[PDB]
Every structure is written in C-alpha cells, then in structure tokens.
Amino acid sequence: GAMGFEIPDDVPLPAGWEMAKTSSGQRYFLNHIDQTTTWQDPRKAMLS
C-alpha cells in the first residue's frame, strides 16, 4: 500500500511464528508452539 502501514517484511516474526495469507490476500499469523492463530501482527508488540 502507498502508506506502508504494515511493519516492513524485513522485520522477522518472533521465533516459532509464521505468516500466511487467505485467498483474498489477508494476513494472519501462526504461533507453532502454543498452536494459536491470530489476525494481529505479533511484531507490533515490539514497537516503542
């Protein structure tokens, strides 16, 4: 997007996490060890 609201792809997810997309292009995030799934980007947790 023109504003780049997303956290840049160069910033890795936390260890043990992966990102996926729906068929409509919506991002979601998988936490392997807790087997949890969320729409919220975990990388925002590290913003000041």
# chains A, B, ... in the order shown; residues from 1 in each chain; ligands from 1
>>> select_by_dssp(residues="chain A", states="helix (DSSP H, G or I)", output="ChimeraX atom specification")
/A:42-46
>>> write_last_selection(atoms="N, CA, C and O atoms", output="mmCIF file, in the first residue's frame")
data_model
loop_
_atom_site.group_PDB
_atom_site.id
_atom_site.type_symbol
_atom_site.label_atom_id
_atom_site.label_comp_id
_atom_site.auth_asym_id
_atom_site.auth_seq_id
_atom_site.Cartn_x
_atom_site.Cartn_y
_atom_site.Cartn_z
ATOM 1 N N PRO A 42 2.312 -10.010 15.465
ATOM 2 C CA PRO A 42 2.997 -10.015 16.764
ATOM 3 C C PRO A 42 4.168 -9.053 16.815
ATOM 4 O O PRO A 42 4.647 -8.684 17.875
ATOM 5 N N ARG A 43 4.646 -8.657 15.651
ATOM 6 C CA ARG A 43 5.766 -7.734 15.592
ATOM 7 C C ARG A 43 5.415 -6.368 16.187
ATOM 8 O O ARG A 43 6.325 -5.624 16.628
ATOM 9 N N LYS A 44 4.133 -6.008 16.213
ATOM 10 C CA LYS A 44 3.757 -4.716 16.790
ATOM 11 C C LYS A 44 4.058 -4.677 18.285
ATOM 12 O O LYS A 44 4.286 -3.612 18.871
ATOM 13 N N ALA A 45 4.127 -5.851 18.901
ATOM 14 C CA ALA A 45 4.406 -5.939 20.317
ATOM 15 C C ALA A 45 5.747 -5.330 20.688
ATOM 16 O O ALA A 45 5.960 -5.011 21.848
ATOM 17 N N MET A 46 6.644 -5.181 19.718
ATOM 18 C CA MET A 46 7.994 -4.712 19.999
ATOM 19 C C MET A 46 8.208 -3.233 19.666
ATOM 20 O O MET A 46 9.290 -2.712 19.891
#
>>> residues_around(residues="residue 12 (chain A)", least_positions_apart="2", cutoff="12 Å", atoms="only C-alpha atoms", output="PyMOL selection string")
chain A and resi 7-10+14-19+41-44+46
>>> atom_distance(atom1="CA of residue 11 (chain A)", atom2="CA of residue 47 (chain A)")
11.4 Å
>>> atom_distance(atom1="CA of residue 23 (chain A)", atom2="CA of residue 1 (chain A)")
18.0 Å
>>> decode(residues="region 2-47 of chain A", atoms="N, CA and C atoms", output="PDB file, in the first residue's frame")
ATOM      1  N   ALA A   2       0.279   2.354  -0.425  1.00  0.00           N
ATOM      2  CA  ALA A   2       1.029   3.585  -0.643  1.00  0.00           C
ATOM      3  C   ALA A   2       1.596   4.162   0.655  1.00  0.00           C
ATOM      4  N   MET A   3       0.912   3.916   1.772  1.00  0.00           N
ATOM      5  CA  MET A   3       1.340   4.471   3.071  1.00  0.00           C
ATOM      6  C   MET A   3       2.293   3.576   3.825  1.00  0.00           C
ATOM      7  N   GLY A   4       2.322   2.309   3.459  1.00  0.00           N
ATOM      8  CA  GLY A   4       3.143   1.331   4.150  1.00  0.00           C
ATOM      9  C   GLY A   4       2.836   1.180   5.626  1.00  0.00           C
ATOM     10  N   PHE A   5       1.558   1.077   5.968  1.00  0.00           N
ATOM     11  CA  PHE A   5       1.166   0.918   7.373  1.00  0.00           C
ATOM     12  C   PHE A   5       1.717  -0.351   7.997  1.00  0.00           C
ATOM     13  N   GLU A   6       1.909  -1.379   7.189  1.00  0.00           N
ATOM     14  CA  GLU A   6       2.421  -2.628   7.726  1.00  0.00           C
ATOM     15  C   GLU A   6       3.838  -2.496   8.247  1.00  0.00           C
ATOM     16  N   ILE A   7       4.187  -3.327   9.218  1.00  0.00           N
ATOM     17  CA  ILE A   7       5.585  -3.437   9.599  1.00  0.00           C
ATOM     18  C   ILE A   7       6.347  -4.058   8.415  1.00  0.00           C
ATOM     19  N   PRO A   8       7.531  -3.509   8.069  1.00  0.00           N
ATOM     20  CA  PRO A   8       8.197  -3.991   6.866  1.00  0.00           C
ATOM     21  C   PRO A   8       8.530  -5.485   6.909  1.00  0.00           C
ATOM     22  N   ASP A   9       8.478  -6.132   5.752  1.00  0.00           N
ATOM     23  CA  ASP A   9       8.774  -7.567   5.644  1.00  0.00           C
ATOM     24  C   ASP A   9      10.189  -7.932   6.142  1.00  0.00           C
ATOM     25  N   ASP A  10      11.093  -6.952   6.193  1.00  0.00           N
ATOM     26  CA  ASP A  10      12.467  -7.165   6.656  1.00  0.00           C
ATOM     27  C   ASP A  10      12.563  -7.452   8.154  1.00  0.00           C
ATOM     28  N   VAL A  11      11.493  -7.170   8.883  1.00  0.00           N
ATOM     29  CA  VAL A  11      11.447  -7.433  10.307  1.00  0.00           C
ATOM     30  C   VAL A  11      10.903  -8.841  10.511  1.00  0.00           C
ATOM     31  N   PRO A  12      11.726  -9.761  11.043  1.00  0.00           N
ATOM     32  CA  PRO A  12      11.218 -11.129  11.202  1.00  0.00           C
ATOM     33  C   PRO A  12      10.148 -11.235  12.264  1.00  0.00           C
ATOM     34  N   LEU A  13       9.246 -12.193  12.082  1.00  0.00           N
ATOM     35  CA  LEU A  13       8.349 -12.608  13.155  1.00  0.00           C
ATOM     36  C   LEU A  13       9.161 -13.188  14.297  1.00  0.00           C
ATOM     37  N   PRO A  14       8.565 -13.229  15.492  1.00  0.00           N
ATOM     38  CA  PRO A  14       9.234 -13.922  16.601  1.00  0.00           C
ATOM     39  C   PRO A  14       9.497 -15.372  16.257  1.00  0.00           C
ATOM     40  N   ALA A  15      10.501 -15.953  16.922  1.00  0.00           N
ATOM     41  CA  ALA A  15      10.864 -17.344  16.674  1.00  0.00           C
ATOM     42  C   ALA A  15       9.653 -18.236  16.863  1.00  0.00           C
ATOM     43  N   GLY A  16       9.463 -19.193  15.958  1.00  0.00           N
ATOM     44  CA  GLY A  16       8.385 -20.153  16.096  1.00  0.00           C
ATOM     45  C   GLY A  16       7.083 -19.672  15.535  1.00  0.00           C
ATOM     46  N   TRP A  17       7.106 -18.493  14.949  1.00  0.00           N
ATOM     47  CA  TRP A  17       5.920 -17.944  14.257  1.00  0.00           C
ATOM     48  C   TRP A  17       6.076 -17.921  12.751  1.00  0.00           C
ATOM     49  N   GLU A  18       4.963 -18.055  12.036  1.00  0.00           N
ATOM     50  CA  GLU A  18       4.943 -17.878  10.602  1.00  0.00           C
ATOM     51  C   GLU A  18       3.765 -17.009  10.208  1.00  0.00           C
ATOM     52  N   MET A  19       3.864 -16.400   9.035  1.00  0.00           N
ATOM     53  CA  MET A  19       2.743 -15.653   8.460  1.00  0.00           C
ATOM     54  C   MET A  19       2.137 -16.426   7.288  1.00  0.00           C
ATOM     55  N   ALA A  20       0.833 -16.272   7.095  1.00  0.00           N
ATOM     56  CA  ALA A  20       0.113 -16.851   5.990  1.00  0.00           C
ATOM     57  C   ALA A  20      -0.869 -15.815   5.429  1.00  0.00           C
ATOM     58  N   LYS A  21      -1.420 -16.101   4.250  1.00  0.00           N
ATOM     59  CA  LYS A  21      -2.447 -15.234   3.666  1.00  0.00           C
ATOM     60  C   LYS A  21      -3.655 -16.059   3.252  1.00  0.00           C
ATOM     61  N   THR A  22      -4.841 -15.480   3.403  1.00  0.00           N
ATOM     62  CA  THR A  22      -6.050 -16.099   2.885  1.00  0.00           C
ATOM     63  C   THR A  22      -6.037 -15.979   1.379  1.00  0.00           C
ATOM     64  N   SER A  23      -7.004 -16.608   0.725  1.00  0.00           N
ATOM     65  CA  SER A  23      -7.132 -16.477  -0.721  1.00  0.00           C
ATOM     66  C   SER A  23      -7.444 -15.054  -1.145  1.00  0.00           C
ATOM     67  N   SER A  24      -8.058 -14.278  -0.257  1.00  0.00           N
ATOM     68  CA  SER A  24      -8.343 -12.883  -0.551  1.00  0.00           C
ATOM     69  C   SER A  24      -7.197 -11.929  -0.174  1.00  0.00           C
ATOM     70  N   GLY A  25      -6.057 -12.483   0.233  1.00  0.00           N
ATOM     71  CA  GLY A  25      -4.865 -11.685   0.478  1.00  0.00           C
ATOM     72  C   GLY A  25      -4.717 -11.117   1.885  1.00  0.00           C
ATOM     73  N   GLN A  26      -5.587 -11.534   2.804  1.00  0.00           N
ATOM     74  CA  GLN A  26      -5.497 -11.114   4.209  1.00  0.00           C
ATOM     75  C   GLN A  26      -4.460 -11.907   5.011  1.00  0.00           C
ATOM     76  N   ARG A  27      -3.590 -11.188   5.705  1.00  0.00           N
ATOM     77  CA  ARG A  27      -2.531 -11.805   6.510  1.00  0.00           C
ATOM     78  C   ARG A  27      -3.067 -12.337   7.820  1.00  0.00           C
ATOM     79  N   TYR A  28      -2.515 -13.475   8.247  1.00  0.00           N
ATOM     80  CA  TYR A  28      -2.745 -13.978   9.587  1.00  0.00           C
ATOM     81  C   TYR A  28      -1.447 -14.674  10.031  1.00  0.00           C
ATOM     82  N   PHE A  29      -1.381 -14.981  11.316  1.00  0.00           N
ATOM     83  CA  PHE A  29      -0.129 -15.362  11.959  1.00  0.00           C
ATOM     84  C   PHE A  29      -0.337 -16.580  12.835  1.00  0.00           C
ATOM     85  N   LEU A  30       0.598 -17.524  12.714  1.00  0.00           N
ATOM     86  CA  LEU A  30       0.606 -18.789  13.422  1.00  0.00           C
ATOM     87  C   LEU A  30       1.734 -18.853  14.440  1.00  0.00           C
ATOM     88  N   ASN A  31       1.386 -19.183  15.680  1.00  0.00           N
ATOM     89  CA  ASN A  31       2.346 -19.409  16.767  1.00  0.00           C
ATOM     90  C   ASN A  31       2.433 -20.910  16.965  1.00  0.00           C
ATOM     91  N   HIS A  32       3.499 -21.542  16.470  1.00  0.00           N
ATOM     92  CA  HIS A  32       3.586 -23.003  16.461  1.00  0.00           C
ATOM     93  C   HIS A  32       3.521 -23.619  17.834  1.00  0.00           C
ATOM     94  N   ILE A  33       4.315 -23.132  18.776  1.00  0.00           N
ATOM     95  CA  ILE A  33       4.430 -23.904  19.993  1.00  0.00           C
ATOM     96  C   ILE A  33       3.161 -23.862  20.859  1.00  0.00           C
ATOM     97  N   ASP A  34       2.376 -22.787  20.785  1.00  0.00           N
ATOM     98  CA  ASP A  34       1.108 -22.702  21.500  1.00  0.00           C
ATOM     99  C   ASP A  34      -0.074 -23.081  20.640  1.00  0.00           C
ATOM    100  N   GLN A  35       0.204 -23.339  19.368  1.00  0.00           N
ATOM    101  CA  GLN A  35      -0.807 -23.762  18.385  1.00  0.00           C
ATOM    102  C   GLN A  35      -1.931 -22.754  18.223  1.00  0.00           C
ATOM    103  N   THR A  36      -1.571 -21.488  18.408  1.00  0.00           N
ATOM    104  CA  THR A  36      -2.523 -20.371  18.364  1.00  0.00           C
ATOM    105  C   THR A  36      -2.372 -19.651  17.041  1.00  0.00           C
ATOM    106  N   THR A  37      -3.467 -19.047  16.620  1.00  0.00           N
ATOM    107  CA  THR A  37      -3.563 -18.333  15.376  1.00  0.00           C
ATOM    108  C   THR A  37      -4.171 -16.988  15.699  1.00  0.00           C
ATOM    109  N   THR A  38      -3.727 -15.951  15.000  1.00  0.00           N
ATOM    110  CA  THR A  38      -4.257 -14.602  15.236  1.00  0.00           C
ATOM    111  C   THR A  38      -4.180 -13.736  13.985  1.00  0.00           C
ATOM    112  N   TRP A  39      -5.104 -12.785  13.900  1.00  0.00           N
ATOM    113  CA  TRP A  39      -5.101 -11.799  12.833  1.00  0.00           C
ATOM    114  C   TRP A  39      -4.118 -10.670  13.131  1.00  0.00           C
ATOM    115  N   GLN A  40      -3.721 -10.545  14.399  1.00  0.00           N
ATOM    116  CA  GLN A  40      -2.854  -9.439  14.875  1.00  0.00           C
ATOM    117  C   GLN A  40      -1.362  -9.737  14.673  1.00  0.00           C
ATOM    118  N   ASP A  41      -0.633  -8.815  14.047  1.00  0.00           N
ATOM    119  CA  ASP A  41       0.801  -8.976  13.780  1.00  0.00           C
ATOM    120  C   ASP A  41       1.627  -8.901  15.083  1.00  0.00           C
ATOM    121  N   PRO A  42       2.312 -10.010  15.465  1.00  0.00           N
ATOM    122  CA  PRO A  42       2.997 -10.015  16.764  1.00  0.00           C
ATOM    123  C   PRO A  42       4.168  -9.053  16.815  1.00  0.00           C
ATOM    124  N   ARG A  43       4.646  -8.657  15.651  1.00  0.00           N
ATOM    125  CA  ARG A  43       5.766  -7.734  15.592  1.00  0.00           C
ATOM    126  C   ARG A  43       5.415  -6.368  16.187  1.00  0.00           C
ATOM    127  N   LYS A  44       4.133  -6.008  16.213  1.00  0.00           N
ATOM    128  CA  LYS A  44       3.757  -4.716  16.790  1.00  0.00           C
ATOM    129  C   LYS A  44       4.058  -4.677  18.285  1.00  0.00           C
ATOM    130  N   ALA A  45       4.127  -5.851  18.901  1.00  0.00           N
ATOM    131  CA  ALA A  45       4.406  -5.939  20.317  1.00  0.00           C
ATOM    132  C   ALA A  45       5.747  -5.330  20.688  1.00  0.00           C
ATOM    133  N   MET A  46       6.644  -5.181  19.718  1.00  0.00           N
ATOM    134  CA  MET A  46       7.994  -4.712  19.999  1.00  0.00           C
ATOM    135  C   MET A  46       8.208  -3.233  19.666  1.00  0.00           C
ATOM    136  N   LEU A  47       7.182  -2.573  19.135  1.00  0.00           N
ATOM    137  CA  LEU A  47       7.228  -1.138  18.865  1.00  0.00           C
ATOM    138  C   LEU A  47       7.294  -0.390  20.165  1.00  0.00           C
TER     139      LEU A  47
END
